[PDB]
Every structure is written in structure tokens, then in C-alpha cells.
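The block underneath contains the structure these notes are about, expressed in C-alpha cells.
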Amino acid sequence: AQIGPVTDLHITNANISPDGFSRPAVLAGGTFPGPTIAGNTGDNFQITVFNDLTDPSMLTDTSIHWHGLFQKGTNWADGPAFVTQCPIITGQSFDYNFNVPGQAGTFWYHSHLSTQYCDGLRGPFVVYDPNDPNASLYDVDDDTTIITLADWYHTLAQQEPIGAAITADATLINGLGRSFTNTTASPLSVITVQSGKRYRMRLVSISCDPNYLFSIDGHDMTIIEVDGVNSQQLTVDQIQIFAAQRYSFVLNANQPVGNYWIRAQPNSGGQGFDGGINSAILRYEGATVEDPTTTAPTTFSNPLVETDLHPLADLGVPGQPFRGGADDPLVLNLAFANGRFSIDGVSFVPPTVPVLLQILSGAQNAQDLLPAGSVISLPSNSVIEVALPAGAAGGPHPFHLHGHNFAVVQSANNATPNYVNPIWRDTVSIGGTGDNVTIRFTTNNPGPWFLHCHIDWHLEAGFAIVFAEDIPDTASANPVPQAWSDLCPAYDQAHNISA
Ligand SMILES: *[C@@H]1O[C@H](CO)[C@@H](O[C@@H]2O[C@H](CO)[C@@H](O[C@@H]3O[C@H](CO)[C@@H](O)[C@H](O)[C@@H]3O)[C@H](O)[C@H]2NC(C)=O)[C@H](O)[C@H]1NC(C)=O
Ligand SMILES: *[C@@H]1O[C@H](CO)[C@@H](O[C@@H]2O[C@H](CO)[C@@H](O)[C@H](O)[C@H]2NC(C)=O)[C@H](O)[C@H]1NC(C)=O
Ligand SMILES: [Cu+2]
Ligand SMILES: [Cu+2]
Ligand SMILES: [Cu+2]
Ligand SMILES: [Cu+2]
């Protein structure tokens, strides 16, 4: 069952063995991935998060972010630790009480403290549209049509040794999959369809790092949604999906009753499908209970290319149709050296006082805000352009902006911008060396919004800045509940921090 929009959510430690290897984890709702939180567009979500964590090897504090939800007027509920709140301490709870006006689509929730989401605190978050303009394109859309793609590690996130390369040990599709080394024939996930029906498959990357080449043998996939944004129908036979991105696609169960491999090839870790790694099963009702015998092509016919996507609605692009044609045109210098990432020369290290609390306490320019050089002000009611030229090691980097979606004026691997009808989304690959992926949005949401690479290891290593949007209006726009005001005193007491 789906839970929400008003629900408790307990965060616990437990052992799990999703690939046959047992390790402790950080779980929401007792499972990996966590249960789906759901409601309808415009609903009030009240997710009362109970931190019941006791194992310090995965951190006993926590904070949860609702990825892709704009949090307008509720910046305090956004979740990034030391940006919008202090963490929740063990044995305490906190009500994330917010609304989702004007949004409907496929989202997710995840820990936003350290690398803790890698240890298991990740799950789907769906905002249904009772009047969905895409409703007639499919018959079935429910918890059974959500497909999560996850990287899973045997080594605990906090225990990844300094100086050694980090790669995963298994790809998990809907929570199950097989280990790349010492592979055992542990159970694979099964997605069941009925011949003749059409399904809204909600594809969610809950990855901490790799991108996946996702396909389903024998089938093609008609994209209708991109990171919460309805798209024109785009038929593809493979989707390269980066960390934290989502797509809805229509799956027409139009092949012979049988079993078909579902494939999710990460860009690192195990290559191929030997022993059933990187795999799940699409099973038609009435098929034999047995593994598929299908193969992939050598070369896919119609891979997703981001410039092929266009909004369903007439969203256009704000600003003027040329580089720098915005009220506040930015170009970020994104770099890596010596184990740390930097943006404009500054590596992100979370501050002691959350940025939002610093603003509410009266710090009103971004040069006043800590960490110094990591907080950049944005003016209100303005068109912002952010160029994100690639080149930094560890690419391709998926960059994500809290509080907003954005027009992708320039995509990876294509030097031509699009000022007419590009897709809008919230997480974008910035591509490869020489690329100039560029985003645009308008500032109508006062508060500090994190901009960061969504490879969690890179975030931890400093690949982030905070956009302090409309500092002057942040306090009036975001009244805070007493429970939020209580978070930093409780956290600092528990941790013996003075501030
Ligand atoms: C590289 O990115 C650019 C920019 O997003 C892509 O260019 C765009 O290509 C589309 C598809 O060919 C062009 O639109 C089509 O325009 C014709 C009018 O000539 C119209 O008949 C069709 O209905 C269709 O919409 C679009 O004008 C063009 N935009 C720009 C700014 O050049 C390009 O396709 C990408 N390259 C690759 C290899 O995908
Ligand atoms: C990416 O695009 C931005 C503009 O959106 C380019 O920025 C210009 O950079 C040059 C120097 O490299 C400056 O003289 C201009 O003031 C910048 N802004 C403009 C022209 O609008 C940037 O060079 C591009 N980067 C790459 C790697 O292609
Ligand atoms: Cu987010
Ligand atoms: Cu996120
Ligand atoms: Cu990165
Ligand atoms: Cu984030």
C-alpha cells in the first residue's frame, strides 16, 4: 500500500539482503526502497518522521527531502541538512507539513544528511492528477507500475575508505537484483502486465551515483513525463536515466504472452547481464514462471536524446533567445581536484547554523552568509540563467536545483541551445568535456535553495552551492513552526555544539 498524504514514517535500522548479501541499513517504513508516499495535486502532505535510528555507523541523526517538490512558503520543510534545517535527533520526530500546489508527477524522497540515503533511506513519492491530460494514454497507473532503479553497496556509506574508488555491488530494480561479484541466484523483481493493456510506468532513479541504460526486451516506451513535467509523447527503446531523474512512459503490453528481460545497465560496476545482474523480469499474465530468454539488440534503434523531449504544455523559455539573455546570467566554474569539488573556487562544507536560520536571524546578504562563498543571492521576480560547463572529473554529473524546475536551454553532447521549446526538468546531466548545459528559471520562490550534483559521493565532497533566492522576503514568505525552531537547539545540545 501507498501511504499519505498524512502519515507517520519511522526511520529505523535493520538488516537487509536485497542481492543475497546481508548488511545493516537505514530504512523508511521498514523496507528498501521505502514505501510510496502519495497524494493528489494540491494536497496537504504531513509526513511525521520518527527518527528511531540507533546505529552510529550510518548516523543516528536524519533529515528528509521531498525531491522535486517546490516547497513554496515552506522552505523550512525542504530537508537539506544545514541548508534548511538542523537534523532530527534520535528518539525525536518532526512533521514535514507542506502543500503541492501546481505540481503532479513522479517524485521521490531521500535522506539529505551526508551520504545516508545510500544506506537505504530512499523511496518513491507520487502526486497524482485527477484531471491528468495524459490519462487516456494508459489503463493502469498504481503502485505496481512504479519502477525504481537503485545502486546498492556492501560497504557502508560512512565506511567507504578515503582514497579508494567507490562503486556499487548490485543494481536493484524494485528493491531486488544480483551482486556483480560472488553472484548468487537471489530473487529478481517481477513486473506483471496483462496482454492488451497499457501501463503508466513511473521510472524513478533513486541512485546515489550511476546512470542507467534502461530498456525492456521486445518493447518500446512512450515518454509522457520528465521529472514531474508532462511531455509530448516520445517513443524510445532505451532511456539513459541519471541519478534522481524520473520518467513516466507508456508500456503497451503488445508482445506475445511471455517473459521479457528488464535491463538497467549502470555506467560503473558490473557490465552486462551474466548471472542475471542488472536485470528484472517483465511477466505477462498467463506466461510460464521462468526466466526470459530474450536478448537486447547490439545497437538500440531509438535511444532517448534529451533535445527530442518537449513539454506538453506551452511552457516556452523565460528571457531572451541568446546566451546571457536573462536578468541574472551566471556561468559556474565547476571543478575537481585532490578529492574535493568546488563551485567558483569554493568547496561546499555544511555550516553549523543552517542557511535558512542564519537568514531568519537577520543576515541579509549573501556575503554575510556561511559558508563564505557558498551562498549566492538571487534577485526576486527575475529570469536566471545558469551555465554549467562540464569537465570536472567523475562525470557525467547530474545537477539538481531545489525549489524549482527549469528549462534545459542546452543539453549534453549538443552545442545548439533551444530558446523555443526545450523540456523543463529538475535534474540534468551536464554532459562531457566542452559541453555547456544551461538552465533557466524565474525567481518566484523566496528561500535558500540547494544546487548540487546528485551523485551523493560528489555532494559529500563539496559539489554544491546555495542560491539564497529573495533574501529580503525569505522570513515573511516562510513562517516557521515551533517544532522547526526547536531542531537546532536540540541537535546542538545532543552533539555538544555551541553557536
Ligand atoms: C541539437 O539540439 C538542437 C536544439 O535543441 C536540435 O535542434 C532542433 O531540431 C529540431 C528537430 O529537427 C528542429 O525542429 C523541427 O523543426 C522543423 C522546422 O525546420 C519542424 O518542421 C518540426 O516540426 C520540428 O519541430 C528545431 O528547429 C531545432 N532547433 C534548433 C534551435 O536548432 C537538434 O536536433 C539537436 N541535434 C540532434 C542530433 O538531436
Ligand atoms: C557557456 O556559455 C556561457 C554563456 O551562457 C559562456 O560565458 C561567456 O564566457 C566568456 C568567456 O569564456 C565571457 O567573456 C562572457 O562574458 C560569458 N557570457 C556570455 C557571452 O553571455 C561560456 O564561455 C560558455 N562556456 C563554454 C565552456 O562553452
Ligand atoms: Cu531536490
Ligand atoms: Cu535530491
Ligand atoms: Cu558529480
Ligand atoms: Cu538535493
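If you're wondering about the labels, chains in the C-alpha cells are A, B, ... by order shown, residues count from 1 in each chain, ligands from 1 in order shown.
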Surroundings of ligand 3 up to 12 Å, based on only C-alpha atoms and all ligand atoms, as JSON, numbers by chain: {"A": [64, 65, 66, 67, 68, 69, 70, 71, 75, 77, 78, 79, 80, 83, 84, 107, 108, 109, 110, 111, 112, 206, 227, 243, 244, 245, 398, 399, 400, 401, 402, 403, 404, 405, 425, 426, 427, 449, 450, 451, 452, 453, 454]}
Given 8 Å and only C-alpha atoms and all ligand atoms, residues near ligand 1 as a ChimeraX atom specification: /A:305,307-308,409-411,414-420,422
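The two atoms in question, atom CA of residue 6 of chain A and atom CA of residue 48 of chain A, are spaced 8.0 Å apart.
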Sorted per-residue table, segment 69-96 of chain A near segment 464-482 of chain A, closest atoms and distance, 7 Å, only C-alpha atoms, as a tab-separated table:
residue	atom	partner	partner_atom	distance
A:73	CA	A:478	CA	4.5
A:74	CA	A:478	CA	5.4
A:75	CA	A:478	CA	6.2
A:76	CA	A:480	CA	6.6
Environment of ligand 5 within 7 Å, counting only C-alpha atoms and all ligand atoms, reported as a list in words: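 Final answer, ordered by chain and number: residues 394, 395, 396, 397, 398, 453, 454, 455, 458 and 463 of chain A.
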Once you have the residues from the selection above, write them out as a CSV table (one decimal), in the first residue's frame, restricted to N, CA and C atoms.
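That gives us result-v7.csv:
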chain,number,residue,atom,x,y,z
A,394,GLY,N,34.8,12.6,-12.8
A,394,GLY,CA,33.7,11.9,-12.3
A,394,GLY,C,32.4,12.1,-13.0
A,395,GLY,N,32.4,12.7,-14.2
A,395,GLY,CA,31.2,12.9,-14.9
A,395,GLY,C,30.6,11.7,-15.5
A,396,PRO,N,29.4,11.7,-16.1
A,396,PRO,CA,28.6,13.0,-16.3
A,396,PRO,C,27.9,13.3,-15.0
A,397,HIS,N,27.9,14.5,-14.6
A,397,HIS,CA,27.4,15.0,-13.4
A,397,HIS,C,25.9,15.4,-13.5
A,398,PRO,N,25.0,14.8,-12.8
A,398,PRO,CA,23.6,15.3,-12.8
A,398,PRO,C,23.4,16.4,-11.8
A,453,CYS,N,25.4,18.6,-7.4
A,453,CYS,CA,25.5,17.3,-8.1
A,453,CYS,C,24.8,16.3,-7.3
A,454,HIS,N,24.0,15.4,-8.0
A,454,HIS,CA,23.2,14.4,-7.3
A,454,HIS,C,23.9,13.0,-7.2
A,455,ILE,N,25.1,12.9,-7.6
A,455,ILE,CA,26.0,11.8,-7.2
A,455,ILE,C,26.4,12.1,-5.8
A,458,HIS,N,29.7,13.0,-4.6
A,458,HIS,CA,30.3,14.2,-5.0
A,458,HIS,C,29.7,15.4,-4.2
A,463,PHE,N,30.4,19.4,-3.9
A,463,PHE,CA,29.9,19.8,-5.3
A,463,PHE,C,28.5,20.5,-5.2
Shell around residue 7 of chain A at 9 Å using only C-alpha atoms, local window under 6 positions removed, as a list in words: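 Skipping anything fewer than 6 positions along the chain leaves residues 37, 45, 46, 47, 48 and 49 of chain A.
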With the cut-off set at 10 Å and counting only C-alpha atoms and all ligand atoms, tabulate each residue of chain A with an atom at most that distance from an atom of ligand 2, showing the nearest atom pair and its distance in Å to one decimal, ordered by chain and increasing number, as a tab-separated table.
residue	atom	partner	partner_atom_place_in_ligand_line	distance
A:322	CA	ligand 2	21 (O)	7.8
A:323	CA	ligand 2	5 (O)	4.4
A:324	CA	ligand 2	21 (O)	3.9
A:325	CA	ligand 2	21 (O)	7.3
A:326	CA	ligand 2	21 (O)	9.4
A:329	CA	ligand 2	5 (O)	7.0
A:330	CA	ligand 2	5 (O)	7.0
A:331	CA	ligand 2	3 (C)	5.8
A:332	CA	ligand 2	1 (C)	8.9
A:333	CA	ligand 2	25 (N)	9.3
A:385	CA	ligand 2	5 (O)	7.4
A:386	CA	ligand 2	5 (O)	7.1
A:387	CA	ligand 2	5 (O)	5.2
A:388	CA	ligand 2	1 (C)	7.2
A:389	CA	ligand 2	27 (C)	5.1
A:390	CA	ligand 2	27 (C)	7.3
A:391	CA	ligand 2	27 (C)	8.8
A:409	CA	ligand 2	5 (O)	9.9
A:410	CA	ligand 2	2 (O)	9.4
A:415	CA	ligand 2	28 (O)	8.3
A:417	CA	ligand 2	2 (O)	9.9
A:433	CA	ligand 2	27 (C)	8.4
A:434	CA	ligand 2	27 (C)	5.4
A:435	CA	ligand 2	27 (C)	6.1
A:436	CA	ligand 2	1 (C)	4.9
A:437	CA	ligand 2	1 (C)	7.6
A:438	CA	ligand 2	5 (O)	7.0
A:439	CA	ligand 2	5 (O)	9.4
Which of A:303, A:379, A:124, A:20 sits closest to ligand 4 [using only C-alpha atoms and all ligand atoms]: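 Smallest distance to ligand 4 is found for A:124.
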Residue 264 of chain A environment, 10 Å, only C-alpha atoms, sequence neighbours closer than 2 positions dropped, as a VMD selection string: chain A and resid 149 to 150 171 to 173 211 to 216 238 to 241 261 to 262 266 to 267 272 to 273 277 to 280
For atom CA of residue 314 of chain A and atom CA of residue 444 of chain A, the interatomic separation in Å (one decimal): 19.0 Å
All strand (DSSP E or B) residues (DSSP, backbone) inside segment 143-216 of chain A, as number ranges by chain: A: 146-152, 170-173, 176, 179, 190-193, 198-205, 212-216
Atoms kept (C-alpha atoms) for selection, written as a PDB file, in the first residue's frame:
ATOM      1  CA  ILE A 146       6.442   2.221 -10.240  1.00  0.00           C
ATOM      2  CA  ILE A 147       9.931   1.054 -11.243  1.00  0.00           C
ATOM      3  CA  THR A 148      12.827   2.122  -9.025  1.00  0.00           C
ATOM      4  CA  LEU A 149      16.461   1.848 -10.093  1.00  0.00           C
ATOM      5  CA  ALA A 150      18.991   1.759  -7.266  1.00  0.00           C
ATOM      6  CA  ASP A 151      22.668   1.256  -6.705  1.00  0.00           C
ATOM      7  CA  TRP A 152      23.469  -0.892  -3.654  1.00  0.00           C
ATOM      8  CA  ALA A 170      24.497  -4.585  -7.211  1.00  0.00           C
ATOM      9  CA  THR A 171      21.809  -2.913  -9.287  1.00  0.00           C
ATOM     10  CA  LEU A 172      18.411  -3.233  -7.612  1.00  0.00           C
ATOM     11  CA  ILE A 173      15.211  -2.872  -9.649  1.00  0.00           C
ATOM     12  CA  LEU A 176      15.945  -6.730  -5.832  1.00  0.00           C
ATOM     13  CA  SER A 179      25.583  -8.857  -6.942  1.00  0.00           C
ATOM     14  CA  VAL A 190       8.862  -9.243 -11.446  1.00  0.00           C
ATOM     15  CA  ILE A 191       6.681  -6.591 -13.056  1.00  0.00           C
ATOM     16  CA  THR A 192       3.392  -8.111 -14.171  1.00  0.00           C
ATOM     17  CA  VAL A 193       1.295  -6.894 -17.117  1.00  0.00           C
ATOM     18  CA  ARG A 198      -1.410  -0.058 -21.371  1.00  0.00           C
ATOM     19  CA  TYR A 199       0.571   0.934 -18.274  1.00  0.00           C
ATOM     20  CA  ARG A 200       1.956   4.235 -16.966  1.00  0.00           C
ATOM     21  CA  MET A 201       5.352   3.037 -15.823  1.00  0.00           C
ATOM     22  CA  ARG A 202       6.813   5.557 -13.400  1.00  0.00           C
ATOM     23  CA  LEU A 203      10.572   5.128 -13.713  1.00  0.00           C
ATOM     24  CA  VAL A 204      12.472   6.550 -10.745  1.00  0.00           C
ATOM     25  CA  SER A 205      16.217   6.741 -10.390  1.00  0.00           C
ATOM     26  CA  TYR A 212      21.437   3.520 -16.085  1.00  0.00           C
ATOM     27  CA  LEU A 213      20.702   2.478 -19.642  1.00  0.00           C
ATOM     28  CA  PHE A 214      17.154   1.229 -19.118  1.00  0.00           C
ATOM     29  CA  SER A 215      15.317  -0.960 -21.655  1.00  0.00           C
ATOM     30  CA  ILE A 216      12.753  -3.752 -21.876  1.00  0.00           C
TER      31      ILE A 216
END
Separation of atom CA of residue 209 of chain A from atom CA of residue 33 of chain A in Å: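 Computing it gives 16.0 Å between the two atoms.
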All residues 10 Å or closer to residue 226 of chain A, only C-alpha atoms, same chain fewer than 3 positions away omitted, as a ChimeraX atom specification: /A:105-106,202-203,223,229-232,245-249,306,309-311,423-427
Go ahead and save the residues from that selection, with C-alpha atoms, as a compact mmCIF listing (two decimals), in the first residue's frame.
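Contents of selection31.txt, as written:
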# COMPACT_ATOMS: atom_id res chain seq x y z
CA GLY A 105 4.02 13.75 -11.43
CA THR A 106 6.66 11.38 -10.23
CA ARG A 202 6.81 5.56 -13.40
CA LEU A 203 10.57 5.13 -13.71
CA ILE A 223 7.65 9.03 -22.58
CA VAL A 229 6.75 17.84 -16.26
CA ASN A 230 4.26 16.46 -18.74
CA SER A 231 5.84 15.91 -22.17
CA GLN A 232 4.67 15.33 -25.66
CA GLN A 245 15.66 11.78 -12.62
CA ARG A 246 12.20 10.38 -13.32
CA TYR A 247 10.23 9.50 -16.44
CA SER A 248 6.76 8.21 -16.97
CA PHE A 249 6.44 6.02 -20.04
CA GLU A 306 17.13 14.99 -24.26
CA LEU A 309 11.71 15.92 -25.45
CA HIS A 310 9.25 18.85 -25.43
CA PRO A 311 6.66 19.97 -22.85
CA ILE A 423 11.99 20.25 -21.88
CA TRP A 424 11.69 21.51 -18.32
CA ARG A 425 13.00 19.26 -15.54
CA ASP A 426 14.75 19.32 -12.14
CA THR A 427 17.89 17.17 -12.59
Distance query residue 160 of chain A at most 12 Å, only C-alpha atoms, self and fewer than 5 positions along chain excluded, as number ranges by chain: A: 57-58, 115, 118-119, 153-155, 165-168, 457, 460
Hey, can you spit out that residue selection with C-alpha atoms as a PDB file, in the first residue's frame?
ATOM      1  CA  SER A  57      27.805   3.575  11.691  1.00  0.00           C
ATOM      2  CA  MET A  58      25.119   5.039   9.416  1.00  0.00           C
ATOM      3  CA  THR A 115      25.613  10.058   2.266  1.00  0.00           C
ATOM      4  CA  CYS A 118      22.865   5.487   0.053  1.00  0.00           C
ATOM      5  CA  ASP A 119      22.457   3.370   3.220  1.00  0.00           C
ATOM      6  CA  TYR A 153      26.763  -1.160  -1.787  1.00  0.00           C
ATOM      7  CA  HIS A 154      28.122  -3.819   0.547  1.00  0.00           C
ATOM      8  CA  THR A 155      30.370  -1.288   2.269  1.00  0.00           C
ATOM      9  CA  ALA A 165      37.280   4.348  -5.821  1.00  0.00           C
ATOM     10  CA  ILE A 166      33.629   3.896  -4.868  1.00  0.00           C
ATOM     11  CA  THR A 167      31.487   1.558  -6.972  1.00  0.00           C
ATOM     12  CA  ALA A 168      28.370  -0.316  -6.211  1.00  0.00           C
ATOM     13  CA  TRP A 457      29.593  10.973  -3.120  1.00  0.00           C
ATOM     14  CA  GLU A 460      29.674  14.939   0.189  1.00  0.00           C
TER      15      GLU A 460
END
